[PDB]
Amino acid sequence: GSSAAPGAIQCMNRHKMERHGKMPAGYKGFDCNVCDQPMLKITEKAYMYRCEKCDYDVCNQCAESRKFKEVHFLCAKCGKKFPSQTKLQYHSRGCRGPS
């Protein structure tokens, strides 16, 4: 249950994103889903925002400047948007329609 206001820090499917300013153990990091910058360690200079339900990870620079991916991949069965074909493919394997 989350619908961001236009221009708020949101994921591609308009949910509010959680800021992660600390690192858990076993943290593998990610490549920013918007700019592709590697984010291997969370610090005060380089931190992340995440939407858990979308598996959407963005660096603080892209999130706060409202940068968006210029290519969107959509699931035909539920309409959900993804930043890559690989993430759409992982979703699609287990999707037969809206949850």
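Numbering starts at 1 and follows the sequence shown.
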Please compare 21-29 with 78-86 and say which has the higher mean C-alpha temperature factor in the record. 21-29
Among the modelled residues of its chain, does the C-alpha B-factor of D57 lie in the lowest, middle or highest third? lowest
Ranking the modelled residues of this chain by C-alpha B-factor as given in the entry, is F73 in the lowest, middle or highest third? lowest
What third of its chain's C-alpha B-factors does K41 belong to: lowest, middle or highest? middle
